[PDB]
Amino acid sequence: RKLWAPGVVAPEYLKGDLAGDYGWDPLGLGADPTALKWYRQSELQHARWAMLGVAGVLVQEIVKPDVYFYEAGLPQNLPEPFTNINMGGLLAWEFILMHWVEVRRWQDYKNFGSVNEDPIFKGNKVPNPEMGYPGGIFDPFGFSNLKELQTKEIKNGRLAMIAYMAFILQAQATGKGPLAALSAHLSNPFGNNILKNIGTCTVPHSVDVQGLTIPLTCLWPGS
Amino acid sequence: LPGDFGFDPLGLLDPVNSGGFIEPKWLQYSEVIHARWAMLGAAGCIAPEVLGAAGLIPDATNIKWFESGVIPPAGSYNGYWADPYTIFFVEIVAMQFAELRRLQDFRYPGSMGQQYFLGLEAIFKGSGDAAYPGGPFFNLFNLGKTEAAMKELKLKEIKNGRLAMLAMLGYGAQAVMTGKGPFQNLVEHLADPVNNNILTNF
Amino acid sequence: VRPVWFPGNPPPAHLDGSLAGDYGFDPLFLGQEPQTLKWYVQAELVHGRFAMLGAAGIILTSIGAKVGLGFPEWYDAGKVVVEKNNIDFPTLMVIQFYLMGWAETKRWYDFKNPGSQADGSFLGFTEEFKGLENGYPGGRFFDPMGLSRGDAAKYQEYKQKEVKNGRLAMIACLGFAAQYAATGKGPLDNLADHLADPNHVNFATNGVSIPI
Amino acid sequence: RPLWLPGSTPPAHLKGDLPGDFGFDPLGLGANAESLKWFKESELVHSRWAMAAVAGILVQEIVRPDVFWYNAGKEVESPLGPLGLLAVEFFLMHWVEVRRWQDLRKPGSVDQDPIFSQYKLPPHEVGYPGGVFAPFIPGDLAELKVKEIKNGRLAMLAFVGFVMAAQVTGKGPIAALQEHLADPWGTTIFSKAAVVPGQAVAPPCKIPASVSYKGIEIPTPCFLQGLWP
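Protein chains in written order, with the deposited numbering: chain 5, 32 to 175, 178 to 256; chain 3, 61 to 262; chain 7, 29 to 240; chain 6, 29 to 257.
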């Protein structure tokens, strides 16, 4: 079972138990147990989220090669059937649903497996083996081996996290899309490179939404 | 201990009847600190000159080093996303933290990984020796595999650090006398080993 | 083991931990003697409470000012209202001093003689004008909600949070003072401006804070 | 046992003897016993008050619309003198309240009709007179107390909601609800106001200002209009 470097030691708690344990924590954060668990949970959160986000961005930019997803937050850049909706109502619905489901999984963390039953249809209850695995109905095909399964999961998830951040920075700098930037490096690899594109970013500097102008940002003083 | 040559013609490392700051522990500690600094400082003082000589960077940057703002009379640069003073302030606070906690370590050894510090204490336990706490970060890679290699590395560090102190003094004296850039002096003495010299600079 | 304000240095003799907020901070040894120390405890408590008051009042009036509700700015409210109504400086000052003197000298002689105030020498009263701790006169009136008489752990936690917020409020009131005396402005307004541009709307550009 | 937060744990003094309890005192207010009795009593009083008031406002707006319930104060006319109404109200209600208070301070001490000695209320707990007061009971006191506290707290919510909705729209709640149904998205405070570092917006108050009755000219400020968003 390898470590993250030829000729290095793994700290004790990074033993080889959590999927994708390469024994790496140079900043020593896996010291207290509860903190370690909370962090693992947030890691699952970020991994699965960034996976979703790359999946989205990619699929949309492909099927509609005109979106510039970075703008997909256009109150006007909204599909026909629901195209110019009241942000008030939208945010209302969204915030409410997320507060609910998030507090549910938070209670899960607080006491593992204590809200498995459906608090209305109590003839419904989810079998959760481990912290952050609802399973059961949360896994309809229920393929759960399971070890190498979770390892694959965390591996590709970290891949997704870094990939999404890279996409976003490419957008900020060159204002182009991912496929656009790749096709450009195809046009010329020497051209269309961050050396040329760096030192400036494509921010629209706090666009004005229906109500007001939300302060926008660049990730560094390139301008 | 590392890098000694028996050379102390003034003889201050004498460990007897010592006190105050004159104590080999603190003295060699200051030496290694200066070594690491001077190394960083030399790398910096040079980098942008050659970096713009090769033209890889926009000529907007690569001004001579003594003009980046440290001495406005020596010329100032602008374009920084904030003011020199507004940056100087956060610089004050960050260096206050780092230096103060390193000092608390050296004064009360091991006692700087105890107060709750967001879990950022196990690394600050380090060794019982300043300038060499090691630990997971300060020795990121487990370097010093053979302890012979470890002493070898300490020797090389002190060597390069003393070289760096000398080089930094060189940069100072050249930039004051000839007023040009360091790589400038290099290009010149290259062009004329004889007619580009402090003899010529008289 | 308690978090020492200067992480690494041990606390002095008199600073122990029995009191709320004992981060071991008295580098001037002003609390060696227990008389003086209990004394400065009561002083710090009353000051923290006053600061909490003042911060709340200033901030609310300032909000009422920015919003179009005619509320003046704090450093003027006094003169503006006294001239608005038919008030007299002398009568207001003298009544205020009367009542404050009464209540405060009662607290004083309580601190002196720790029990002689609920002695029925008042109208008929007792079990309320008797102290509970040094500067913690929770009876049926000063603690009418009655939390001091329940869950001593929760009560300790409340003393802690009280003194914490009190120190914070003291610092913030001095903040307000400097904010105004420097920018000749409204506090909330200075806030909005630094929001507008933190990089440039700040003391580094106020040209007074840093006198360069 | 039900808990307001399923999966959590109740506090210490909160046990489950009191009707309609769900271990809800995240600030441990119910520490001391006499304070606890006082607070239960006051809760019951407020609950019944809010129930009566919300039912009245509803049926009033239904039967006699176009008379603003919030404005019945000015808009009322009576051949009887307002001084007379306030005097009789103050007096008789002062009596009933001081009687209930005498009861609470000295329990079961005044349960006789002091004129009709023949008539005498049986002993009982606090906040539960019964007797003639409870001459007709279908079901069980156990569930009935529960329903009472439930509807009372709900009515408190309803009343304060009416207050805020009237301060933001000046409408009868029925018509405001018709409005909310008419527009699912726009009839929301989110659609009505918001706050962001850029700026703050608050919808305008609907009650204008000081209103003039017969000379008094009542000053009528909004409830903390300053922080409405």
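Note that the Cβ used here is the ideal one computed from N, Cα and C, for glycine as well.
Please report the straight-line C-alpha distance between residue i and residue j, rounded to a whole angstrom.
i, j, result
"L149 (chain 6)", "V124 (chain 6)", "15 Å"
"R76 (chain 6)", "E103 (chain 6)", "26 Å"
"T206 (chain 3)", "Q188 (chain 7)", "53 Å"
"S63 (chain 6)", "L57 (chain 6)", "9 Å"
"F67 (chain 6)", "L46 (chain 6)", "12 Å"
"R135 (chain 5)", "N159 (chain 5)", "14 Å"
"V87 (chain 6)", "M184 (chain 6)", "17 Å"
"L228 (chain 5)", "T233 (chain 7)", "35 Å"
"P62 (chain 7)", "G163 (chain 7)", "15 Å"
"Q145 (chain 7)", "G166 (chain 7)", "13 Å"
"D225 (chain 7)", "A154 (chain 3)", "23 Å"
"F243 (chain 3)", "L58 (chain 7)", "60 Å"
"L100 (chain 3)", "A227 (chain 3)", "11 Å"
"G155 (chain 6)", "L223 (chain 7)", "54 Å"
Assuming residue i and residue j make a contact with CB atoms under 8 Å, what is their CB distance in whole Å?
i, j, result
"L42 (chain 6)", "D49 (chain 6)", "7 Å"
"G190 (chain 5)", "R79 (chain 5)", "6 Å"
"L245 (chain 5)", "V224 (chain 6)", "6 Å"
"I187 (chain 5)", "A86 (chain 5)", "Not quite, the Cβ-Cβ distance comes to about 17 Å (not below 8 Å), so this is no contact."
"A78 (chain 6)", "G167 (chain 6)", "Not confirmed; about 23 Å, so no contact."
"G59 (chain 5)", "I183 (chain 3)", "5 Å"
"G109 (chain 6)", "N117 (chain 5)", "Not really, about 51 Å apart at Cβ, beyond 8 Å."
"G49 (chain 7)", "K192 (chain 7)", "6 Å"
"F200 (chain 5)", "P211 (chain 5)", "5 Å"
"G254 (chain 6)", "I87 (chain 7)", "So it is not a contact: roughly 11 Å between Cβ atoms."
"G51 (chain 6)", "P34 (chain 6)", "Not quite, the Cβ-Cβ distance comes to about 11 Å (not below 8 Å), so this is no contact."
"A206 (chain 7)", "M80 (chain 7)", "19 Å between Cβ atoms; not a contact."
"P237 (chain 5)", "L249 (chain 5)", "6 Å"
Please go through the same chain and pick out, in chain order, the residues whose beta-carbon is closer than 8 Å to the beta-carbon of residue i, but skip the five residues on each side of it.
i, result
"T235 (chain 5)", "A204, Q205, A206, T207 and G208"
"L113 (chain 6)", "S106"
"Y89 (chain 3)", "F166, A190 and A191"
"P196 (chain 3)", "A182 and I183"
Could you list which residues in chain 3 have their beta carbon closer than 8 Å to that of residue i, in chain order?
i, result
"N227 (chain 7)", "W141, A142, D143 and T146"
"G38 (chain 5)", "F201, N202 and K205"
Going along chain 7, which residues have a C-beta under 8 Å from residue i?
i, result
"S63 (chain 6)", "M173 and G174"
Residues in its own chain within less than 7 Å of residue i by CB, not counting five upstream and five downstream?
i, result
"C250 (chain 6)", "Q195, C233 and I235"
"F169 (chain 7)", "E156"
"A61 (chain 6)", "none"
"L216 (chain 7)", "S90, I91 and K94"
Run through chain 6 and tell me which residues come within less than 9 Å of residue i, C-beta to C-beta.
i, result
"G92 (chain 7)", "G254"
DSSP beta-bridge partners for residue i?
i, result
"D241 (chain 5)", "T246 (chain 5)"
"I165 (chain 6)", "Answer is none; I165 (chain 6) lacks a bridge partner."
"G79 (chain 3)", "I82 (chain 3)"
"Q227 (chain 6)", "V224 (chain 6)"
"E102 (chain 5)", "For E102 (chain 5), which the question treats as bridged, DSSP gives no partner whatsoever."
"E148 (chain 5)", "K156 (chain 5)"
"residue 277 (chain 3)", "The requested residue 277 (chain 3) does not occur in the structure, where chain 3 is confined to residues 61 to 262."
"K148 (chain 6)", "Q140 (chain 6)"
"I195 (chain 5)", "Bridge partners of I195 (chain 5): none, in fact."
"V239 (chain 6)", "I246 (chain 6)"
Quick one: list the residues of chain 3 neighbouring residue i, beta-carbon separation under 7 Å, in chain order.
i, result
"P254 (chain 5)", "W141"
"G232 (chain 5)", "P118"
"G36 (chain 7)", "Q164, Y168, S171 and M172"
Find the residues of chain 5 that neighbour residue i, judging by a C-beta separation of less than 8 Å, and give them in chain order.
i, result
"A182 (chain 3)", "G59 and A62"
"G35 (chain 6)", "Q138, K141, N142, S145 and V146"
Apart from the five residues on each side of it in sequence, which residues of its chain come closer than 6 Å, Cβ to Cβ, to residue i?
i, result
"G255 (chain 5)", "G232, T233 and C234"
"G158 (chain 6)", "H152"
"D52 (chain 5)", "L45"
"residue 272 (chain 7)", "In this structure chain 7 extends from 29 to 240, so residue 272 (chain 7) is not present and cannot be described."
"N225 (chain 5)", "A217 and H218"
Who are the neighbours of residue i on chain 6, taking C-beta pairs under 8 Å?
i, result
"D217 (chain 7)", "Here the premise fails: no neighbours, minimum Cβ distance about 14 Å."
"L122 (chain 5)", "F218"
"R177 (chain 7)", "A59 and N60"
Since residue i meets chain 5, which of its residues come closer than 9 Å, beta carbon to beta carbon?
i, result
"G179 (chain 3)", "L58, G59, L60, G61, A62, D63 and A66"
"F197 (chain 3)", "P57, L58 and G59"
For residue i, go through chain 6 and note every residue whose CB falls closer than 7 Å to its CB, in chain order.
i, result
"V95 (chain 7)", "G254"
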